[PDB]
Each structure stands twice: as structure tokens, then as C-alpha cells.
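What follows is the content of query-v4.txt, which has compact mmCIF, C-alpha atoms and all ligand atoms:
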```txt
# COMPACT_ATOMS: atom_id res chain seq x y z
CA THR A 1 99.58 87.53 108.40
CA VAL A 2 98.96 91.17 109.46
CA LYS A 3 95.25 91.77 110.05
CA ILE A 4 94.02 95.36 109.91
CA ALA A 5 90.40 96.37 110.46
CA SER A 6 88.87 99.48 108.91
CA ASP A 7 85.53 101.25 108.48
CA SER A 8 82.90 99.95 106.04
CA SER A 9 81.87 103.30 104.54
CA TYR A 10 84.32 106.20 104.91
CA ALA A 11 85.14 107.52 101.44
CA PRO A 12 87.81 108.61 100.38
CA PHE A 13 89.78 106.67 103.04
CA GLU A 14 87.99 103.34 102.57
CA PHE A 15 84.92 102.61 100.50
CA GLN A 16 83.74 100.32 97.72
CA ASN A 17 83.87 101.24 94.05
CA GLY A 18 81.29 100.28 91.42
CA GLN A 19 82.62 96.71 91.10
CA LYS A 20 82.37 96.10 94.88
CA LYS A 21 86.13 96.57 95.34
CA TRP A 22 87.72 98.14 98.42
CA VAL A 23 89.60 101.34 97.49
CA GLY A 24 90.58 104.54 99.23
CA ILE A 25 93.44 106.51 100.71
CA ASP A 26 93.69 104.21 103.76
CA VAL A 27 93.55 101.12 101.54
CA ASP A 28 96.27 102.32 99.15
CA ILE A 29 98.53 103.40 102.01
CA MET A 30 98.11 100.22 104.06
CA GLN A 31 98.73 97.99 101.02
CA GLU A 32 101.84 100.01 100.30
CA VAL A 33 102.96 99.88 103.93
CA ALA A 34 102.65 96.08 103.70
CA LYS A 35 104.58 95.82 100.41
CA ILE A 36 107.40 98.04 101.68
CA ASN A 37 107.53 95.93 104.85
CA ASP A 38 106.84 92.53 103.20
CA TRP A 39 103.67 91.77 105.19
CA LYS A 40 100.81 89.54 104.21
CA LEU A 41 98.05 92.10 104.63
CA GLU A 42 94.55 90.95 105.51
CA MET A 43 92.17 93.92 105.52
CA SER A 44 88.67 93.78 107.01
CA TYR A 45 86.01 96.51 106.87
CA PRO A 46 83.57 95.88 109.75
CA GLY A 47 83.04 99.55 110.66
CA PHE A 48 84.80 102.03 112.95
CA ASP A 49 83.64 101.07 116.43
CA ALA A 50 83.48 97.49 115.12
CA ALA A 51 87.17 97.82 114.26
CA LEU A 52 87.87 99.26 117.73
CA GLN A 53 86.26 96.18 119.33
CA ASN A 54 88.10 93.77 117.01
CA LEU A 55 91.40 95.46 117.90
CA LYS A 56 90.78 95.39 121.69
CA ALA A 57 89.77 91.73 121.45
CA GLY A 58 92.91 90.79 119.51
CA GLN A 59 90.90 89.64 116.53
CA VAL A 60 92.97 92.09 114.42
CA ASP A 61 96.46 93.52 114.87
CA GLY A 62 95.88 97.21 114.16
CA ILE A 63 93.48 99.71 112.60
CA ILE A 64 93.58 102.17 109.69
CA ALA A 65 90.19 103.91 109.51
CA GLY A 66 90.63 107.68 109.27
CA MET A 67 91.34 107.41 112.97
CA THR A 68 92.12 110.63 114.82
CA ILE A 69 95.08 110.65 117.18
CA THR A 70 93.99 112.09 120.52
CA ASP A 71 95.62 112.27 123.95
CA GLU A 72 92.73 110.39 125.55
CA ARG A 73 92.95 107.67 122.90
CA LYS A 74 96.69 107.39 123.53
CA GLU A 75 95.85 105.69 126.78
CA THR A 76 94.38 102.67 125.02
CA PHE A 77 96.20 102.80 121.71
CA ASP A 78 99.67 103.50 120.32
CA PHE A 79 99.65 105.51 117.12
CA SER A 80 101.88 105.96 114.14
CA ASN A 81 102.97 109.37 112.99
CA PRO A 82 100.01 111.18 111.37
CA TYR A 83 99.43 110.73 107.65
CA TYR A 84 96.49 113.13 107.25
CA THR A 85 94.95 116.12 108.99
CA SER A 86 91.92 115.71 111.26
CA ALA A 87 88.99 118.16 111.21
CA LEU A 88 85.31 117.97 112.23
CA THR A 89 82.23 119.84 111.03
CA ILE A 90 78.44 119.57 110.76
CA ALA A 91 77.02 118.07 107.61
CA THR A 92 73.45 119.19 106.89
CA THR A 93 71.23 118.73 103.87
CA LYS A 94 71.67 121.36 101.17
CA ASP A 95 68.28 122.93 101.98
CA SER A 96 69.25 123.45 105.65
CA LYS A 97 69.31 126.96 107.13
CA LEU A 98 71.48 126.03 110.10
CA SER A 99 74.98 127.50 110.05
CA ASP A 100 76.31 127.98 113.60
CA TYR A 101 76.73 125.63 116.53
CA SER A 102 74.31 127.89 118.45
CA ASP A 103 71.56 126.93 116.01
CA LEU A 104 71.68 123.31 117.24
CA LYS A 105 70.17 124.02 120.67
CA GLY A 106 67.18 121.77 121.32
CA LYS A 107 67.91 119.79 118.14
CA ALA A 108 69.15 116.25 117.52
CA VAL A 109 72.70 115.93 116.18
CA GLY A 110 74.15 112.65 114.96
CA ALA A 111 77.57 111.15 115.57
CA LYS A 112 79.04 107.72 114.89
CA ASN A 113 79.72 105.66 117.99
CA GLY A 114 83.19 105.82 119.48
CA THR A 115 84.38 108.64 117.20
CA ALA A 116 86.05 112.04 117.64
CA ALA A 117 82.75 113.58 116.47
CA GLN A 118 80.81 111.91 119.29
CA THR A 119 83.49 112.97 121.79
CA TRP A 120 83.38 116.62 120.69
CA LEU A 121 79.57 116.58 120.73
CA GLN A 122 79.69 115.19 124.28
CA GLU A 123 82.30 117.75 125.38
CA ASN A 124 80.34 120.67 123.92
CA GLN A 125 76.80 119.52 124.81
CA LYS A 126 76.35 121.80 127.82
CA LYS A 127 77.63 124.65 125.71
CA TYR A 128 75.16 124.34 122.83
CA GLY A 129 72.23 122.31 124.24
CA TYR A 130 71.78 119.75 121.47
CA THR A 131 70.76 116.10 121.93
CA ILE A 132 73.19 113.46 120.59
CA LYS A 133 71.92 110.57 118.46
CA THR A 134 74.48 107.74 118.09
CA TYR A 135 75.00 105.25 115.23
CA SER A 136 77.78 102.70 114.76
CA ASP A 137 77.35 102.98 110.99
CA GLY A 138 77.76 106.05 108.79
CA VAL A 139 74.98 104.77 106.51
CA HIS A 140 72.55 104.93 109.42
CA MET A 141 73.70 108.37 110.56
CA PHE A 142 73.38 109.95 107.13
CA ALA A 143 70.06 108.20 106.50
CA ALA A 144 68.78 109.96 109.63
CA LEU A 145 70.25 113.22 108.28
CA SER A 146 68.47 112.83 104.95
CA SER A 147 65.23 111.75 106.62
CA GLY A 148 65.23 114.95 108.68
CA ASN A 149 65.30 113.14 112.02
CA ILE A 150 68.61 114.85 112.90
CA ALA A 151 69.34 118.50 112.24
CA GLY A 152 73.01 117.80 111.49
CA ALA A 153 75.62 115.06 111.63
CA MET A 154 79.10 115.72 112.90
CA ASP A 155 81.76 113.96 110.88
CA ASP A 156 85.18 114.63 109.41
CA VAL A 157 85.59 117.38 106.83
CA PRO A 158 87.31 115.33 104.05
CA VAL A 159 84.55 112.68 104.21
CA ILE A 160 81.69 115.21 103.96
CA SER A 161 83.54 117.15 101.25
CA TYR A 162 84.18 114.02 99.19
CA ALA A 163 80.50 113.07 99.18
CA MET A 164 79.48 116.62 98.35
CA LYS A 165 81.79 116.16 95.37
CA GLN A 166 79.76 113.06 94.51
CA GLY A 167 76.60 115.17 94.43
CA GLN A 168 74.94 113.92 97.61
CA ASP A 169 72.45 116.15 99.39
CA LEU A 170 74.99 117.61 101.80
CA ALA A 171 76.35 121.04 102.72
CA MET A 172 79.05 122.35 105.09
CA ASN A 173 77.65 125.65 106.43
CA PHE A 174 79.25 125.43 109.90
CA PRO A 175 82.78 126.36 111.05
CA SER A 176 85.19 123.43 111.23
CA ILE A 177 87.01 122.18 114.31
CA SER A 178 90.68 121.51 113.70
CA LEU A 179 92.03 118.68 115.74
CA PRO A 180 95.81 118.69 116.26
CA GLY A 181 96.53 114.95 116.21
CA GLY A 182 95.88 114.08 112.57
CA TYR A 183 94.92 110.54 111.44
CA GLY A 184 97.10 107.65 112.50
CA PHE A 185 97.56 103.91 112.26
CA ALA A 186 96.61 102.44 115.65
CA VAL A 187 97.54 99.37 117.69
CA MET A 188 96.74 98.35 121.26
CA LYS A 189 98.98 100.19 123.68
CA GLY A 190 102.23 98.33 124.36
CA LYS A 191 101.43 95.83 121.56
CA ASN A 192 102.65 95.33 117.99
CA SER A 193 105.25 98.09 118.31
CA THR A 194 106.93 96.99 115.09
CA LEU A 195 103.73 97.45 113.10
CA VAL A 196 103.86 101.12 114.16
CA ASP A 197 107.54 101.37 113.22
CA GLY A 198 106.92 99.68 109.88
CA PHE A 199 104.09 102.12 109.23
CA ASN A 200 106.31 105.08 110.12
CA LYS A 201 109.23 103.86 108.01
CA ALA A 202 107.07 103.15 104.95
CA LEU A 203 105.20 106.44 105.28
CA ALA A 204 108.42 108.50 105.35
CA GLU A 205 109.67 106.64 102.29
CA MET A 206 106.32 107.22 100.61
CA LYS A 207 106.47 110.97 101.28
CA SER A 208 110.09 111.29 100.09
CA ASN A 209 109.59 109.20 96.92
CA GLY A 210 106.26 110.93 96.19
CA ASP A 211 103.94 107.85 96.37
CA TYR A 212 102.07 109.44 99.27
CA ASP A 213 101.22 112.50 97.16
CA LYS A 214 100.12 110.30 94.28
CA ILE A 215 97.71 108.36 96.50
CA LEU A 216 96.03 111.57 97.64
CA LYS A 217 95.92 112.84 94.04
CA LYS A 218 93.94 109.73 92.99
CA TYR A 219 91.04 110.90 95.16
CA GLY A 220 91.05 114.60 94.37
CA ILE A 221 93.21 115.82 97.27
CA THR A 222 95.86 118.53 96.71
CA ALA A 223 98.83 117.61 98.87
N1 LIG B 301 85.96 106.16 110.55
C1 LIG B 301 85.55 107.16 111.31
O1 LIG B 301 84.37 107.47 111.40
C2 LIG B 301 86.62 107.90 112.06
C3 LIG B 301 86.13 109.25 112.54
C4 LIG B 301 87.14 110.03 113.38
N2 LIG B 301 88.30 110.39 112.53
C5 LIG B 301 87.62 109.22 114.59
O2 LIG B 301 88.80 108.94 114.63
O3 LIG B 301 86.83 108.89 115.44
NA NA B 302 93.72 115.99 121.68
NA NA B 303 88.45 115.69 120.88
```
What's the C-alpha cells form of this structure?
Ligand SMILES: NC(=O)CC[C@H](N)C(=O)O
Ligand code: NA
Ligand code: NA
Amino acid sequence: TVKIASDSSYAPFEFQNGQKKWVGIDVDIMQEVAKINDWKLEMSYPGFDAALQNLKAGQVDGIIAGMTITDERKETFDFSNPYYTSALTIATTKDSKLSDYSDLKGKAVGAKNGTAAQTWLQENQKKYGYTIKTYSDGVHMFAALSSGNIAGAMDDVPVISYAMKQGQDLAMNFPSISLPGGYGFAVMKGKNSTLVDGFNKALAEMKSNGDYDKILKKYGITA
């Protein structure tokens, strides 16, 4: 088998539909990577930093979870070629009057544990003077956002946008931070090299034959 761990709630990359079924961009791509490569694919959805721990323990073989490729992360993981862009911004409720990172001084800002959002928040904390609240789970972070206990939640643009499209009480009034790495498939550094190659080879074939484009189209994304 090939065991891949993912997030539990990260629409449109992985999420459950109305019949409790796991769907999303990451799900469609990984299933297709497995078919093209003839892998028995065993997906699990424990959560992002849960998936990180399962990967480092060897309980799974790699991760697909909207995971941003970063230079720092490249010291623990090997990544595929990117298959999506990676950008961060502040979600707020619709009725929020905050719009700039300078507004967050002396306020509590959420981030999911182990993520590029938490890293950026940590790197820019002295600059803007917010306090960082951490949650492993996106459900907990956005519950805090809705409850008013955090002034904003940093997360990835496509995920906030998608849920805004679902009519959730969310707005994107802040500038976005573009991260250069994009999203990749990740394995432990020096391990499972051929999973990365298989991912790369299938992804190129999916771009050239147009299956990649069709996956993004399913979820409302113009590529
Ligand atoms: N599933 C996630 O929350 C991933 C968030 C972000 N792209 C990261 O890589 O940390
Ligand atoms: Na980087
Ligand atoms: Na970063």
C-alpha cells in the first residue's frame, strides 16, 4: 500500500461532502497519481499537524494537505514539484472593520499549528504586535473567529475564498502574502524518493492531458 495523510477540514483541497465522502482537489489528484502509478492508495485525514506527526513517525508514507513548500521545511521533508500556488491572508467575520496588518496590534490572531500561517505570524509578530492563538484544527480556529475571541485567523487564500463562496461569515479585507513555493506532495527527507517521482510524472501527464485543469474546474477554480 501507499499511505498518505491529509487534513480533516481544508476545502477545496480535502473535505467531506454531504454524504460524508472525502472529496477535494488534493483527493482527486492523489487518487489520480495512484492510478497513473498503479499504487494501492490509502488516504487518511487526521489533520495537518496530525499528518506531519504521522509522517515523521513513519505511520504514513507521504502527505498531500495543501502543504506549502518552504526552504525551512525542505530540511525535514522532500517535496514534489508544486501543483498549486500558495498565498496567506487574514480571514475576519464579514462585520469586521479590520483591514491592515497594523490593525492587529494588541489583538489575538489565530493560526493552525505547524502551518505556514503560524510561521508568518511568528516571523511578523514583533512588526505588528499581535498575540498568536494556536489550534491544530481549522474547526477550532474558525470557531474562535466566529465567537469573536480572535480578531482574525491567518489561513490560505483559496481555503478562505472557497468558504466565502459557501456563504460562511467570512471576509478577506487584508492584503495577501504570496509565498513562492506553491503546494507540494511531501515525504520525509531522503525517504520514499520514488513517491515524489511518481507524483511528478503523473502531475506532468495530468497537466499535458488536461486532467489537472478539469480537477480544478470541479471546485470553481479557473486554471
Ligand atoms: N492544511 C493546512 O492548513 C496547510 C496550510 C499551509 N498551506 C501549510 O502548508 O502550512
Ligand atoms: Na520560503
Ligand atoms: Na514563510
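The residues that lie within 12 Å of the point (100.4, 98.3, 121.3), counting all atoms listed in the file, are residues 55, 56, 58, 60, 61, 62, 63, 74, 75, 76, 77, 78, 79, 80, 185, 186, 187, 188, 189, 190, 191, 192, 193, 194, 195, 196 and 197 of chain A.
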Counting all atoms listed in the file, which residues sit no farther than 6 Å from the position (71.4, 123.5, 111.4) in the file's frame? I'd like them as a VMD selection string. chain A and resid 97 to 99 103 to 104 151 to 152
Env of residue 106 of chain A: 7 Å cut, atoms = all atoms listed in the file, seq-sep filter 3 positions within chain, self excluded. Answer as a PDB file with C-alpha atoms, in the coordinates of the input.
```
ATOM      1  CA  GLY A 129      72.230 122.310 124.240  1.00  0.00           C
ATOM      2  CA  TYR A 130      71.780 119.750 121.470  1.00  0.00           C
ATOM      3  CA  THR A 131      70.760 116.100 121.930  1.00  0.00           C
TER       4      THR A 131
END
```
Counting only C-alpha atoms and all ligand atoms, give me one row per residue of chain A with an atom at most 9 Å from an atom of ligand LIG 301 (chain B), showing the shortest contact pair and its distance in Å to one decimal, sorted by chain then residue number, as a tab-separated table.
```
residue	atom	partner	partner_atom	distance
A:6	CA	B:LIG301	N1	7.5
A:7	CA	B:LIG301	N1	5.3
A:8	CA	B:LIG301	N1	8.3
A:9	CA	B:LIG301	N1	7.8
A:10	CA	B:LIG301	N1	5.9
A:13	CA	B:LIG301	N1	8.4
A:14	CA	B:LIG301	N1	8.7
A:47	CA	B:LIG301	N1	7.2
A:48	CA	B:LIG301	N1	4.9
A:49	CA	B:LIG301	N1	8.1
A:64	CA	B:LIG301	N1	8.6
A:65	CA	B:LIG301	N1	4.9
A:66	CA	B:LIG301	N2	4.8
A:67	CA	B:LIG301	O2	3.4
A:68	CA	B:LIG301	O2	3.7
A:69	CA	B:LIG301	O2	7.0
A:70	CA	B:LIG301	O2	8.5
A:86	CA	B:LIG301	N2	6.6
A:87	CA	B:LIG301	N2	7.9
A:88	CA	B:LIG301	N2	8.2
A:111	CA	B:LIG301	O1	8.8
A:112	CA	B:LIG301	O1	6.4
A:113	CA	B:LIG301	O3	8.2
A:114	CA	B:LIG301	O3	6.2
A:115	CA	B:LIG301	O3	3.0
A:116	CA	B:LIG301	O3	3.9
A:117	CA	B:LIG301	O3	6.3
A:118	CA	B:LIG301	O3	7.8
A:119	CA	B:LIG301	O3	8.3
A:136	CA	B:LIG301	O1	8.8
A:137	CA	B:LIG301	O1	8.3
A:138	CA	B:LIG301	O1	7.2
A:155	CA	B:LIG301	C3	6.6
A:156	CA	B:LIG301	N2	6.1
A:159	CA	B:LIG301	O1	8.9
A:182	CA	B:LIG301	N2	8.4
A:183	CA	B:LIG301	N2	6.7
A:184	CA	B:LIG301	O2	8.7
```
Find the nearest atom pair between each residue of chain A and ligand NA 302 (chain B) for residues within 8 Å, count all atoms listed in the file, give distances in Å to one decimal, sort rows by chain and ascending number, and present the table as CSV.
```
residue,atom,partner,partner_atom,distance
A:69,CA,B:NA302,NA,7.1
A:70,CA,B:NA302,NA,4.1
A:71,CA,B:NA302,NA,4.8
A:72,CA,B:NA302,NA,6.9
A:179,CA,B:NA302,NA,6.7
A:180,CA,B:NA302,NA,6.4
A:181,CA,B:NA302,NA,6.2
```
Return the single residue from A:101, A:212, A:219, A:199 that is closest to residue 153 of chain A, with distances computed using all atoms listed in the file.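 Ranking A:101, A:212, A:219, A:199 by distance to residue 153 of chain A, first place goes to A:101.
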Spatial neighbours of segment 38-41 of chain A, 8 Å, only C-alpha atoms, chain gap at least 3 places, as a ChimeraX atom specification: /A:1-4,31,34-35
Select, from A:53, A:124, A:96, A:146, the residue with the minimum atom-to-atom distance to ligand NA 303 (chain B), counting only C-alpha atoms and all ligand atoms.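 The closest residue to ligand NA 303 (chain B) is A:124.
Our summary of the geometry notes that atom CA of residue 11 of chain A is positioned 17.4 Å from atom CA of residue 92 of chain A.
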What is the atom CA of residue 214 of chain A to atom CA of residue 29 of chain A distance in Å?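 Rounded to one decimal, the two atoms are 10.5 Å apart.
You will find atom CA of residue 215 of chain A at 11.7 Å from atom CA of residue 203 of chain A.
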